[PDB]
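Consider the single chain below, provided in structure tokens and representing the form deposited in one PDB entry.
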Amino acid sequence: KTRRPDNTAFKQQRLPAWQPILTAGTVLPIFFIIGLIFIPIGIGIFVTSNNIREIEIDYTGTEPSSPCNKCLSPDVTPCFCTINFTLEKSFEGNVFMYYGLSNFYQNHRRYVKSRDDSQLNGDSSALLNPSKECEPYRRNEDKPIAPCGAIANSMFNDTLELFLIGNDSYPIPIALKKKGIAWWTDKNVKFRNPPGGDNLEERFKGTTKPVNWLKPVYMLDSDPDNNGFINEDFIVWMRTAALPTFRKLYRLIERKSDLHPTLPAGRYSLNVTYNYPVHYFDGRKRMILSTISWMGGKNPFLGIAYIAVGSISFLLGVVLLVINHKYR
């Protein structure tokens, strides 16, 4: 036929290699060292998570006999709801203020896609020409919606205020920072206002507000840094969640200058303006206060998961060790 085949390792199927056999001297360790590493990490996660103070107030007012039901039927548009909660243990360090929403499918296909990524980046071409992707809220009557899409339209617009009921019974307002509650990349890369100009009014010319928004994206916040597409509250909302039950960062309570705790233990009342309706689809708005931990946040499931997995792996190796002994 043809000349002699060349003699090389690959062609002759004689490439150097190591043949690994699942010998009992190797599988048994990786079932004990794994079962020995996961338990201390499982205890470390579980013990630290339980040391994170957290109070979560459910103020949707669906159930009668609560001082918040009046806002389920808001005859007068500005509805104010007040709920009292007690902090038994003083919160330490930075305290994070979230808002929760249950049975709120932000991961729906028709909802997740319903945004124009180009417009949010500051694409002047798409500023007045939002894509088909945000079809249902592309244009209000004649001119386009600046934050087009269902994601921007259905934004969470309740107002939350924290008041400390001091010993004198005079409510003390609590400082709440609305800056730095979004990803650094989101503020400075993903979300940007349209280029040009100095005032946000001229930039957003010929663009209507979303149909559900009370006011346009002109004056989401007084500060020029926190208004427009670069608004923290708007950015945090558009950052879609993965599951029906989620909580999004709302405010920060930075470390107090004095040594005493940021939120000393006592009686607290939350002054919330009821604006967002959720009771139609059996939703549940909530306010969550949490304290920062050195190792991330509060995750009990991972703790019990490692105690279970660390324990299960240890037992499997023992069973494997016994089975190996019989068949040795």
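Note that residue numbering follows the sequence shown and begins at 1. In this text, rigid core is short for the largest set of C-alphas that superpose within 1.5 Å between two forms.
There is also a form deposited in another entry; it is not shown, and the following applies to it.
- Relative to the superposed core, residue 184 shifts its CA atom by less than 2 Å between this form and the one not shown.
- Relative to the superposed core, residue 75 undergoes a C-alpha shift smaller than 2 Å between this form and the one not shown.
- Once both forms are fitted on their core, a CA shift of 2 Å or more is seen for residue 169 between this form and the one not shown.
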